[PDB]
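Trainee: coordinates for the following, if possible.
(2 chains, ligands or ions: 3)
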There are 2 protein chains.
Amino acid sequence: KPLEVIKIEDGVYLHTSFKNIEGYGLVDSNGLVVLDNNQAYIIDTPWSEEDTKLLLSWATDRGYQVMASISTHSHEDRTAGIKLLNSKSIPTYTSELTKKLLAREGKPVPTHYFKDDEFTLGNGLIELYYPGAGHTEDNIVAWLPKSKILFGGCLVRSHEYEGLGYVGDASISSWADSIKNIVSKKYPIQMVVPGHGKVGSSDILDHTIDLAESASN
Amino acid sequence: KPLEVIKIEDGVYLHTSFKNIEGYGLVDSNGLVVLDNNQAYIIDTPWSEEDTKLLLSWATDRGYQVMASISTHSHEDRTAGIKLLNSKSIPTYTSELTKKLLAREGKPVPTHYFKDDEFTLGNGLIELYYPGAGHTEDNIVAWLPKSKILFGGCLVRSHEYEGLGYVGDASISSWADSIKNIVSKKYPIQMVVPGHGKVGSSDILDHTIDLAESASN
Ligand SMILES: [Ca+2]
Ligand SMILES: [Zn+2]
Ligand SMILES: [Zn+2]
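Mentor: Residues are numbered from 1 along each chain as shown, chains lettered A, B, ... in the order given. Ligands and ions are numbered 1, 2, ... in the order given. The relevant structure is shown in the block below.
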């Protein structure tokens, strides 16, 4: 089931990738395309090279110039399209840690990376922040000042999950602290976009804190 | 986690393998190892070829001889190990339809197949039967009389669930009538094994019928 792209705010589109996993069923994966006039920025690649191809087609069929992607942590559902973007000379970004994690796992690396706990993509359009470990040791979040959207990636859990998801790379006892660090930014959050599941409100943060503290206990 | 095998009756061992990551996390999937003396029959392979190897190694380290496997539908959670067993000259069985389906999606095929709605494996150790399309167009069930244990695969759910999993390759249209047949066999059921989740009892079945209206309505 191929890639779906839908407008969720002015200049912000939710892109959703799917798999049919035999034995489980339908799973989805979210990222964003953020536009700045005709420039397009990808927050997380679709889950596969093929769906990453469809996302670029989506952009070029609309005449958008894809300027860069940013991936929120090293897992395959965040980075599967980095290699294809690299072959198209489209700058790809992760944090330094995510990049070095990919490199260690023998995966394609972004051509660019950022060193501090905060960075910007699109010259202020996208604010990135590392709040601490949770879902992974390297997970970062993206704040969109204009649309008032926090892309939480997998550090956040949508309202239809009651588990933290895959925790083999997780720091469960760190996670709730890391969400509080996001809370401390006092972002005027209108919408939180999780890496999987439905978009919700700032409520998603509290729901994630509950999940983490309960798992940590 | 790697493979888990645990005795659930005399000469029967529930084997559980685990598929990872997703937005969901760990999911289990069950098959059985059935022993007649030192002769072992596998009902459903593990979910990867790596976990299949371990199930075999598990078998061989105990000086059991693996006689055959049977997969209960074409799905990878039922059939992923078929490639491996073939390479060990261990007979692999499915229904004739399941083999053609496997062939049809270009997947490894069993070396053996039965053609009618029923077939028995291992001098009465296992009876197989095709009750109709449900979970998939091709799913079958297996029954053990000595250990009084039913393996239902994904044609049945697990009380710990109220859903059904993927229903696109399915026929909820057919499902309900694909499962008013198993109780009529009048197996003395001590134990019922779904393809996913906790081992249950003969309370496990009826369940699946009302779940198959939920989507048929
Ligand atoms: Ca990237
Ligand atoms: Zn992840
Ligand atoms: Zn199935």
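
Trainee: residue closest to the middle of chain A?
Mentor: The centroid of chain A falls nearest to residue A:153 when counting by CA atoms, centre = their mean (4.0 Å).

Trainee: any idea how far that residue lies from residue A:31?
Mentor: Separation of residue A:153 from residue A:31 (CB to CB, to the nearest Å) stands at 9 Å. The way it works is simple: take the backbone N, C-alpha and C, and place the C-beta from them, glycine included.

Trainee: identify the contacts common to those two.
Mentor: Listed contacts common to residue A:153 and residue A:31 are A:44, A:78, A:195; contacts here mean CB atoms under 8 Å, 6 or more residues apart in numbering or on different chains.

Trainee: is it true that residue A:212 touches residue A:176?
Mentor: Yes. Between residue A:212 and residue A:176 there is a contact under CB atoms under 8 Å: 4.1 Å.

Trainee: more neighbours, those two?
Mentor: Set residue A:212 next to residue A:176 and count neighbours by other CB atoms under 10 Å in any protein chain shown: residue A:212 wins out with 26 against 20.

Trainee: so which helix or strand takes in the more buried one?
Mentor: For residue A:212, the element it lies in under DSSP states H and E is helix A:203-216.

Trainee: ok, and what's touching that helix?
Mentor: Residues outside helix A:203-216 that contact it (CB under 8 Å, 6+ apart) are A:134, A:152, A:155-159, A:161-164, A:167, A:172-173, A:175-176, A:179-180, A:182-183, A:189, A:192, A:194, A:200.

Trainee: let me see the contact set for whichever residue of chain A sits closest to ligand 2.
Mentor: Closest to ligand 2 within chain A is residue A:75: 3.3 Å, counting by CB to the ion. With contacts defined as CB under 8 Å, 6+ apart, residue A:75 is in contact with A:136, A:154, A:169, B:21.

Trainee: list the buried residues of the helix holding residue A:212.
Mentor: Using 16 or more other CB atoms under 10 Å in any protein chain shown as the test for burial, helix A:203-216 gives A:204, A:205, A:207, A:208, A:209, A:211, A:212.

Trainee: again, but for stretch A:153-172
Mentor: A:153-158, A:161, A:164-167, A:169-172.

Trainee: which ones, among those residues, also lie beside ligand 2?
Mentor: The subset of the buried residues of stretch A:153-172 within reach of ligand 2, by CB under 5 Å from the ion, is residue A:154.

Trainee: of all the buried residues of stretch A:153-172, which two lie farthest apart?
Mentor: A:158 and A:171 (20.3 Å; CB to CB).

Trainee: what segments of chain A are strands?
Mentor: With DSSP state E as the criterion, chain A has strands at A:4-9, A:12-21, A:25-36, A:39-43, A:65-70, A:92-95, A:112-114, A:118-121, A:126-129, A:141-144, A:149-153, A:191-194.

Trainee: and the shortest one, what does it pack against?
Mentor: Where contact means 3 or more CB pairs under 8 Å, 6 or more residues apart in numbering or on different chains; DSSP states H and E, strand A:112-114 is packed against strand A:92-95, helix A:96-104.

Trainee: in its sheet, what does that strand sit against?
Mentor: strand A:92-95 (parallel) (DSSP bridges).

Trainee: do stretch A:12-28 and chain B meet?
Mentor: Yes. Using CB under 8 Å from any CB of the partner chain, stretch A:12-28 reaches chain B at A:20, A:21, A:22, A:23, A:24, A:25, A:26, A:27, A:28.

Trainee: residue contacts, the first one?
Mentor: Right, the one you point to is residue A:20. A:1, A:26, B:166, B:168.

Trainee: quick one: name the residues of chain A near ligand 1.
Mentor: Counting by CB under 5 Å from the ion, the positions of chain A adjacent to ligand 1 are A:69, A:71, A:92, A:110.

Trainee: nearest residue to the closest residue to chain B within chain A in space, please, no chain neighbours.
Mentor: Among all residues of chain A, residue A:196 sits closest to chain B, at 2.5 Å; criterion: CB to the nearest CB. Counting by CB to CB, 6 or more residues apart in numbering or on different chains, residue A:196 lies nearest to residue B:23, which is 2.5 Å off, once chain neighbours are set aside.
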